[PDB]
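S.K.: Below is final-v4.cif; it holds mmCIF, C-alpha atoms; chains and numbers go by the auth columns.
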data_model
#
loop_
_atom_site.group_PDB
_atom_site.id
_atom_site.type_symbol
_atom_site.label_atom_id
_atom_site.label_comp_id
_atom_site.label_asym_id
_atom_site.label_seq_id
_atom_site.Cartn_x
_atom_site.Cartn_y
_atom_site.Cartn_z
_atom_site.B_iso_or_equiv
_atom_site.auth_seq_id
_atom_site.auth_asym_id
ATOM 1 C CA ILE A 1 0.000 0.000 0.000 0.00 1 A
ATOM 2 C CA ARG A 2 1.619 3.201 -1.268 0.00 2 A
ATOM 3 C CA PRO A 3 1.243 6.588 0.477 0.00 3 A
ATOM 4 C CA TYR A 4 -0.849 7.901 -2.408 0.00 4 A
ATOM 5 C CA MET A 5 -3.633 5.376 -1.752 0.00 5 A
ATOM 6 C CA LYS A 6 -4.433 7.156 1.506 0.00 6 A
ATOM 7 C CA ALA A 7 -4.883 10.502 -0.235 0.00 7 A
ATOM 8 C CA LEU A 8 -7.151 8.849 -2.789 0.00 8 A
ATOM 9 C CA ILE A 9 -9.333 7.217 -0.143 0.00 9 A
ATOM 10 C CA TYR A 10 -9.535 10.465 1.853 0.00 10 A
ATOM 11 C CA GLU A 11 -10.603 12.390 -1.254 0.00 11 A
ATOM 12 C CA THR A 12 -13.187 9.733 -2.057 0.00 12 A
ATOM 13 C CA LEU A 13 -14.756 9.947 1.397 0.00 13 A
ATOM 14 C CA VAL A 14 -14.968 13.726 1.034 0.00 14 A
ATOM 15 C CA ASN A 15 -16.716 13.287 -2.324 0.00 15 A
ATOM 16 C CA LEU A 16 -19.152 10.696 -0.961 0.00 16 A
ATOM 17 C CA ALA A 17 -19.926 12.967 1.985 0.00 17 A
ATOM 18 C CA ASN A 18 -20.470 16.077 -0.152 0.00 18 A
ATOM 19 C CA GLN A 19 -21.738 14.831 -3.528 0.00 19 A
ATOM 20 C CA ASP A 20 -25.316 14.000 -4.504 0.00 20 A
ATOM 21 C CA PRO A 21 -26.226 10.452 -3.342 0.00 21 A
ATOM 22 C CA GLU A 22 -27.209 9.699 -6.932 0.00 22 A
ATOM 23 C CA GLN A 23 -23.543 9.270 -7.855 0.00 23 A
ATOM 24 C CA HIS A 24 -22.321 7.521 -4.702 0.00 24 A
ATOM 25 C CA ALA A 25 -22.411 4.064 -6.318 0.00 25 A
ATOM 26 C CA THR A 26 -20.282 5.239 -9.234 0.00 26 A
ATOM 27 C CA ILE A 27 -17.934 7.196 -6.952 0.00 27 A
ATOM 28 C CA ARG A 28 -17.361 4.017 -4.926 0.00 28 A
ATOM 29 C CA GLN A 29 -16.886 1.625 -7.864 0.00 29 A
ATOM 30 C CA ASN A 30 -14.485 4.105 -9.462 0.00 30 A
ATOM 31 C CA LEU A 31 -12.152 3.941 -6.460 0.00 31 A
ATOM 32 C CA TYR A 32 -12.411 0.167 -6.562 0.00 32 A
ATOM 33 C CA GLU A 33 -11.315 0.236 -10.201 0.00 33 A
ATOM 34 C CA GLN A 34 -8.320 2.434 -9.307 0.00 34 A
ATOM 35 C CA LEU A 35 -7.137 0.216 -6.449 0.00 35 A
ATOM 36 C CA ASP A 36 -7.820 -3.281 -7.820 0.00 36 A
ATOM 37 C CA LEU A 37 -8.022 -4.870 -4.362 0.00 37 A
ATOM 38 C CA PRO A 38 -9.098 -8.450 -3.522 0.00 38 A
ATOM 39 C CA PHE A 39 -12.708 -8.679 -2.346 0.00 39 A
ATOM 40 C CA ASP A 40 -11.770 -9.132 1.304 0.00 40 A
ATOM 41 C CA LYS A 41 -9.942 -5.795 1.334 0.00 41 A
ATOM 42 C CA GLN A 42 -12.653 -4.126 -0.775 0.00 42 A
ATOM 43 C CA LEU A 43 -15.143 -5.168 1.904 0.00 43 A
ATOM 44 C CA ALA A 44 -12.968 -3.670 4.651 0.00 44 A
ATOM 45 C CA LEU A 45 -12.707 -0.430 2.650 0.00 45 A
ATOM 46 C CA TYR A 46 -16.495 -0.364 2.177 0.00 46 A
ATOM 47 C CA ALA A 47 -17.453 -1.233 5.754 0.00 47 A
ATOM 48 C CA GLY A 48 -15.004 1.033 7.487 0.00 48 A
ATOM 49 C CA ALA A 49 -15.051 4.002 5.144 0.00 49 A
ATOM 50 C CA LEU A 50 -17.086 4.033 1.931 0.00 50 A
ATOM 51 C CA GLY A 51 -20.330 2.903 3.536 0.00 51 A
ATOM 52 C CA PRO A 52 -20.091 5.269 6.524 0.00 52 A
ATOM 53 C CA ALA A 53 -19.155 8.182 4.260 0.00 53 A
ATOM 54 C CA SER A 54 -22.133 7.403 1.994 0.00 54 A
ATOM 55 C CA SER A 55 -24.548 7.125 4.930 0.00 55 A
ATOM 56 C CA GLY A 56 -23.435 10.505 6.261 0.00 56 A
ATOM 57 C CA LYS A 57 -21.709 9.219 9.391 0.00 57 A
ATOM 58 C CA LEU A 58 -18.441 10.975 8.571 0.00 58 A
ATOM 59 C CA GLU A 59 -18.563 14.260 6.622 0.00 59 A
ATOM 60 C CA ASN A 60 -16.306 15.606 9.379 0.00 60 A
ATOM 61 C CA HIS A 61 -12.551 16.244 9.239 0.00 61 A
ATOM 62 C CA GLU A 62 -11.784 14.254 12.401 0.00 62 A
ATOM 63 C CA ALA A 63 -14.267 11.466 11.614 0.00 63 A
ATOM 64 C CA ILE A 64 -12.991 11.209 8.046 0.00 64 A
ATOM 65 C CA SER A 65 -9.330 11.190 9.064 0.00 65 A
ATOM 66 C CA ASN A 66 -10.000 8.436 11.605 0.00 66 A
ATOM 67 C CA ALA A 67 -11.841 6.287 9.069 0.00 67 A
ATOM 68 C CA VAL A 68 -9.032 6.702 6.540 0.00 68 A
ATOM 69 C CA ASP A 69 -6.267 5.893 9.004 0.00 69 A
ATOM 70 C CA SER A 70 -8.127 2.847 10.309 0.00 70 A
ATOM 71 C CA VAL A 71 -8.956 1.364 6.933 0.00 71 A
ATOM 72 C CA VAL A 72 -5.434 1.944 5.655 0.00 72 A
ATOM 73 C CA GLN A 73 -4.155 -0.014 8.648 0.00 73 A
ATOM 74 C CA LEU A 74 -6.523 -2.856 7.703 0.00 74 A
ATOM 75 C CA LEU A 75 -5.383 -2.732 4.069 0.00 75 A
ATOM 76 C CA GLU A 76 -1.782 -3.224 5.196 0.00 76 A
ATOM 77 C CA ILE A 77 -0.614 -6.490 6.774 0.00 77 A
#
Show how you would write the structure in this file as structure tokens.

M.R.:
Amino acid sequence: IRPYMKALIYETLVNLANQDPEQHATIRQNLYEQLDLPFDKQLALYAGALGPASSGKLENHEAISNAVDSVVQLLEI
């Protein structure tokens, strides 16, 4: 997991939290296309960050930063 992946995830959460819900599905799949992760890691990314961002449980600097840092830790082994 390269340092740039974190920036990408962070940016994606910001977009999911501030963009019209209509495009959330496409915003999420796009990031998946960019990262090409195995399903198990995709699920961790969704459950810990993409889903919460889409449901409006983040949308906050602190909350977003914590989700990003936590998921990145899960993505690394």

S.K.: What lies within 8 Å of range 50-61 of chain A using all atoms listed in the file, ignoring chain neighbours under 2 positions off, as a ChimeraX atom specification?

M.R.: /A:12-14,16-18,21,24,28,45-48,63-65

S.K.: Taking the file as I've supplied it (selection: the PyMOL selection byres ((chain A and resi 71) around 9)), which residues are included? Please answer as a PyMOL selection string.

M.R.: chain A and resi 44-45+47-49+66-70+72-76

S.K.: CA of residue 15 in chain A to CA of residue 42 in chain A: how many Å, to one decimal?

M.R.: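 Answer for the CA of residue 15 in chain A to CA of residue 42 in chain A separation: 17.9 Å.
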
S.K.: Can you work out the spacing between CA of residue 35 in chain A and CA of residue 6 in chain A in Å, to one decimal?

M.R.: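 Atom-to-atom, CA of residue 35 in chain A and CA of residue 6 in chain A are spaced 10.9 Å apart.
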
S.K.: Given the PyMOL selection byres ((chain A and resi 31) around 10) and the file above, list the residues it selects as a ChimeraX atom specification.

M.R.: /A:5,8-9,12,26-30,32-37,42,50

S.K.: Return as AutoDock Vina command-line options the box centre and box size in Å, one decimal, for an axis-aligned box around all listed atoms of range 32-45 of chain A padded by 4 Å per side.

M.R.:
--center_x -11.1 --center_y -3.3 --center_z -2.8 --size_x 16.0 --size_y 19.6 --size_z 22.9
